[PDB]
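Engineer: Have a look at this one before I ask anything.
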Amino acid sequence: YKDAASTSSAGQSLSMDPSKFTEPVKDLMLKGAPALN
Amino acid sequence: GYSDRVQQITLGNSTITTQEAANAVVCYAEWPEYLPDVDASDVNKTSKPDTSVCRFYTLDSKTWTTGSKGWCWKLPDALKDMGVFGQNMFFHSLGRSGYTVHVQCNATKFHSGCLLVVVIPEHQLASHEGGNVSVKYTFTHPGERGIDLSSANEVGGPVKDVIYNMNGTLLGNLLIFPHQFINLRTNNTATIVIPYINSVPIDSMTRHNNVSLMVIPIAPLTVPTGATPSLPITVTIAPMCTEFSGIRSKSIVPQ
Amino acid sequence: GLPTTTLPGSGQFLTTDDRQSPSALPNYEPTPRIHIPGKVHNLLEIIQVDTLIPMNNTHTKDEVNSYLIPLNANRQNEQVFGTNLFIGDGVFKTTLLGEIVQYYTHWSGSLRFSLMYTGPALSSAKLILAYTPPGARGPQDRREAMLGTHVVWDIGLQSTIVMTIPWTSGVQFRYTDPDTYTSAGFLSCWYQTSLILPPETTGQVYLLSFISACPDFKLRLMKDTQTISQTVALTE
Amino acid sequence: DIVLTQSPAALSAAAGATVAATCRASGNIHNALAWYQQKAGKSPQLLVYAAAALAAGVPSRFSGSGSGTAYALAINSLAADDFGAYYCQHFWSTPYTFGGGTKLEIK
Amino acid sequence: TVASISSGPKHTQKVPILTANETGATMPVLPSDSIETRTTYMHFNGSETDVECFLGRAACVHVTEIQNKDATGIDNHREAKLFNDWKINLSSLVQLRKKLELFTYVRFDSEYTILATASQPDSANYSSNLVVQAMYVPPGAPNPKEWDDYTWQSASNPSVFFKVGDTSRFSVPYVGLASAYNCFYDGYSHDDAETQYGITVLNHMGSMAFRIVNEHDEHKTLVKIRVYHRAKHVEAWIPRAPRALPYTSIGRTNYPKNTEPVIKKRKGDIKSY
Amino acid sequence: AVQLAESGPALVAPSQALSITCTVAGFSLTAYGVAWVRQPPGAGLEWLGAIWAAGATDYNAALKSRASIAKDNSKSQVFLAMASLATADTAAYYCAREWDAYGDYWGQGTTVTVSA
């Protein structure tokens, strides 16, 4: 067809960043380091 | 040297210090920024009143008792009478703003209790009447006083059940939203940096609240024996990267 | 024309078939995408965020106290809480992990269980957090519990323990619906030493419990959930 | 030490009236209160736990209310099995002291 | 992809399993952080939990009833079900609504499948071969008042003709005014004391009007029309706390008074299994 | 079925130790605490003490020097042993168990009287 709405599903994005939801902190916190000095 | 507990936040002529912080949240890892031209549709040159509005405004303190249910504020509604930011909000048709939110509650090493401090984008409240009943304008726009979740239901007002987040979703699942805890053992301050979150580039600021701040006791306040059974909670909010478009006469809202 | 034979399933409407279809709005130009924060690409991102477990579901009404695990001062060796690990059921059914998991039939991988202590800063407790892998009962006396996967948690300036429940299964996938063959085992917490409160403090202190998934977590075979339901269609 | 103060010591009403025992504590209990009834020559029976939740085999007449330091057992439209003793007990921070007691005798 | 790394005994000052959830971050603690692990591989890409797949299957979103009968002397053709129209929403049926309301903003093209089924409950003697018109009616287009008036000729409205018994199929692009649809809207259309909360035109997807094209038979025919929606090219933003309570209304987060407890009560104490 | 059964001597002399045994059934003493409560005839319930599920005890603030609670996990028996009984110790003594951290499943009780 002529329209982008007509096409089928996009597929998997493989971006997959959970860090914006799981580590949304300003200062980087390393795993194993003390969380607060 | 570098300590995660000791923080300084300076915006405008206002400064906040804390010596018992827990590493500020930047919501969705996105620092607030100005609207770029590629996302803009409004053709007006925007006003950016930088140091006069991007500064900390302190709201009235609440009193956290042992039977407190929690408190909710709406943004930008909680700042609608705050200085020049409140004046620009009613004189402009359009406006966008990020926020630095700073919730403050100190106690002793003998006190226990935990506050959830959460920012909820598009926190559409439920009515207590059920069905298809609306919540009236004056209840979703309370100003600096916010909504006390231990207060009684009113006609046209929201439901105030803290277990259902005033919207029919459970309290324990608010942690998908950007949040911090104020656990009195650990920290006395929560800091959350909110970018502008909306489906439009800029928006009306008086008919729409972009985000809501909820401060919810989870672990109830336990004071040592003989001590005062209450703690004060103070909310301080700084707008940031604030733009205003469409200057006209001052809007008249129900108040 | 070119000759054609028509196959079985012709004219069917399969609700998961992903095919092209004609646009009812030719030459339509949708609104420009603007940048919005917090874009979700995949649900495996957001089940790694920990949400609270209503582990104290001993009340006849939903309340904030259902999320509070009580600790008591003069208690040695005893149990703090226990739960089975049917993550589409029980205490986990209303959590964010449990609600996304109920959209799928199969799950695999490791779970992330966190406890946050909320007592006074001048209080001390050592607890032991035990995962009992399946094939045995839920443990009864802390000696039974520490024979499995466990953690001794010293409560101090860092207030949160993270007990990963590691994927301990012979079969590669488990059912999200509670099923005895694919039971995940048991979780329990025990006083390792005891809770010691400071002077002029009294009563109970509370634990907050958290559940999320590790990044090895797998989830497949999408299905309807029973959590939401209706009897009639909704209106304006 | 936490002491429970229960009021009143005696209530006299008919079957169908509504009584309300009142429980007050010297300190905050955080709803860690139980209500017991006790017949004459009888063990006490748990009726309300966590100051609001009805126990097993308890009818919907009994309603536990109250929080903090003030707690209330309310019996709506008394039936014939409701007469006898009623005791507070807090279960926050040993000792688990009782209230004084409240009698229901027939008007 | 490595699912778990090999890891042996630790005796160390780096303690990954102690953290502070006051920060609002959940640390990515692995099983190799607290037990000894072997090497395993994922063999798993996570494709079925993509938001394109999770929101991308056809869900029934509306059931409506229209009738083929004699229309002579009927005052209100809408009330007599000679036609019916539906403001298109994805919140009337609650299995799809709970999935969409995991997110705050959602942008997608729509794919509609419309199934029409007939029945004759009272004394028919044959097969009624019927055609349904389904007309996409945008805001401001003239709405039908009669089943056979001037509005159905569809000179600018897209409409679709299909037989009763088989189905219709078309796609509609993302037609939101904003960059995404609002699943949730904490606001009002304007600054006013009485105006409605939450319901916004920022999730308006159009409207469909349905009628039976045939005139009428001797008997009555009831046509059930089932609209199925499939989202595609899906983009979603701001994950939310999932719906726990029953819905009461389209476009509102209201839950009913005196609801049953959603959290299950144990058959025991907190120490039970 | 869960049952706690009190068993006492029912007649004790003053300046002589009382010893009441609580035979329990249907549960383990390693999993549930046991509460002791007395009631003098006419007056109200008084909390005596509690031995918790793994051996720790709490008592009356007023009777702490005068009472001691122990248990035997093998015999399923909880012991209440009070020494130096004055005349105020005449009561019906009850057993309970831990339930949601509270006390219930109260047995029939043994009546204890002390006199010359």
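Residue names in the structure tokens use chain letters A, B, ... in the order shown, residue numbers from 1 in each chain, and ligand numbers from 1 in the order shown.
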Could you build a table of the residues in chain B lying no more than 6 Å from chain E, giving for each the nearest pair of atoms and their separation in Å rounded to one decimal place, using only C-alpha atoms, ordered by chain and ascending residue number, as a tab-separated table?

Structural biologist:
residue	atom	partner	partner_atom	distance
B:22	CA	E:23	CA	5.0
B:23	CA	E:23	CA	5.6
B:122	CA	E:186	CA	5.0
B:123	CA	E:186	CA	5.5
B:124	CA	E:186	CA	4.3
B:126	CA	E:254	CA	4.4
B:127	CA	E:254	CA	5.5
B:130	CA	E:256	CA	5.0
B:131	CA	E:248	CA	5.2
B:132	CA	E:249	CA	5.5
B:134	CA	E:197	CA	5.4
B:135	CA	E:197	CA	5.8
B:137	CA	E:193	CA	5.3
B:167	CA	E:253	CA	5.4
B:168	CA	E:245	CA	5.2
B:169	CA	E:243	CA	4.8
B:173	CA	E:241	CA	5.0
B:174	CA	E:241	CA	5.6
B:179	CA	E:24	CA	5.3
B:180	CA	E:24	CA	4.5
B:181	CA	E:22	CA	4.3
B:199	CA	E:179	CA	5.4
B:200	CA	E:178	CA	5.5
B:207	CA	E:188	CA	5.3
B:208	CA	E:187	CA	4.2
B:209	CA	E:186	CA	5.7
B:253	CA	E:191	CA	5.5
B:254	CA	E:193	CA	5.7

Engineer: DSSP says helix (DSSP H, G or I) for which residues of range 79-205 of chain B? Put them as a list in words?

Structural biologist: residues 79, 83, 84, 85, 86, 87, 88, 89, 90, 91, 137, 138, 139, 140, 143, 144, 145, 162, 163, 164, 171, 172, 173, 174, 175 and 176 of chain B

Engineer: Measuring atom to atom with only C-alpha atoms, identify which of E:232, E:271, E:14, E:69 is nearest to residue 5 in chain A.

Structural biologist: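 Looking only at the distances to residue 5 in chain A, the closest residue turns out to be E:232.
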
Engineer: Per residue of chain F within 12 Å of chain C, what are the shortest atom pair and its distance in Å to one decimal, counting only C-alpha atoms, with rows by chain and residue number, as a Markdown table?

Structural biologist:
| residue | atom | partner | partner_atom | distance |
| --- | --- | --- | --- | --- |
| F:27 | CA | C:140 | CA | 11.6 |
| F:28 | CA | C:140 | CA | 9.7 |
| F:29 | CA | C:141 | CA | 10.6 |
| F:30 | CA | C:141 | CA | 6.9 |
| F:31 | CA | C:140 | CA | 7.1 |
| F:32 | CA | C:78 | CA | 9.1 |
| F:33 | CA | C:78 | CA | 9.9 |
| F:50 | CA | C:74 | CA | 11.1 |
| F:51 | CA | C:75 | CA | 9.9 |
| F:52 | CA | C:75 | CA | 7.2 |
| F:53 | CA | C:78 | CA | 6.4 |
| F:54 | CA | C:78 | CA | 5.9 |
| F:55 | CA | C:76 | CA | 7.5 |
| F:56 | CA | C:75 | CA | 6.1 |
| F:57 | CA | C:74 | CA | 7.7 |
| F:58 | CA | C:74 | CA | 8.0 |
| F:59 | CA | C:74 | CA | 11.6 |
| F:99 | CA | C:58 | CA | 10.7 |
| F:100 | CA | C:58 | CA | 7.5 |
| F:101 | CA | C:70 | CA | 9.4 |

Engineer: Identify, with DSSP run on backbone atoms, the residues in chain D assigned to strand (DSSP E), and express the list as an MDAnalysis selection string.

Structural biologist: chainID D and resid 4:7 10:13 19:25 33:38 45:49 53:54 62:67 70:75 84:90 102:106

Engineer: I want to know what sits within 6 Å of residue 114 in chain B, based on only C-alpha atoms, with residues of the same chain fewer than 4 positions away left out; could you give that as a compact mmCIF listing (two decimals) with C-alpha atoms, in the first residue's frame?

Structural biologist:
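Printed below is around.txt as written:
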# COMPACT_ATOMS: atom_id res chain seq x y z
CA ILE B 182 13.03 8.93 53.59
CA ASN B 183 13.91 6.20 56.05
CA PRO B 217 4.24 7.12 55.34
CA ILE B 218 4.82 3.42 54.81
CA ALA B 219 6.47 2.46 58.04
